[PDB]
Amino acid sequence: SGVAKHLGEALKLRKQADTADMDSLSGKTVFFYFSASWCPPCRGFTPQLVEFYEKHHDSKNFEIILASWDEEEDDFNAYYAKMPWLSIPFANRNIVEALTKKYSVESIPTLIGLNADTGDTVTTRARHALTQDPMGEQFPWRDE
């Protein structure tokens, strides 16, 4: 795991125009958000997730990282511009493909929540959970 940790920490995540380090994730719940500019149900969900994040990410101590299924860089940028959170850089498609496989992401939009420190999965149903609990009263929607 140690080597993997160093390689992971060597990845710079996008933060809008900037790129950032990973310490900022310490002690938070972190979500990977699998979505694409071209996906119609994503287009309906992303605005709700944006609103939920702006309102609750501080108080509920979470971060979101876009894991984009856009393969065109201009579409990737147009879409990420609408988001207030972080992204795996467009160039790191390999990483998105691997995470997609890891979490059995068979459709989008999908939101996978995990403990930043342990790496343990917290929730795989947060896309559907959030639509039913827009206030986040049952956040982080733990599986089972």
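Residue indices: 1-based, along the sequence shown.
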**Fill in**
The stretch carrying the higher mean Cα B factor in the deposited entry, 6-14 or 19-27, is 19-27
**Asked** Of 119-127 and 132-140, which one has the bigger average CA B-factor?
**Response** 132-140
**Complete:** When the entry's CA B-factors for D70, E54, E63, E97 are compared, the highest one belongs to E54
**Complete:** One of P40, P109, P89, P84 has the largest Cα B-factor in the entry, namely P40
**Prompt:** If you rank the chain by CA B-factor, which third does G44 end up in: lowest, middle or highest?
**Reply:** highest
**Prompt:** If you rank the chain by CA B-factor, which third does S35 end up in: lowest, middle or highest?
**Reply:** lowest
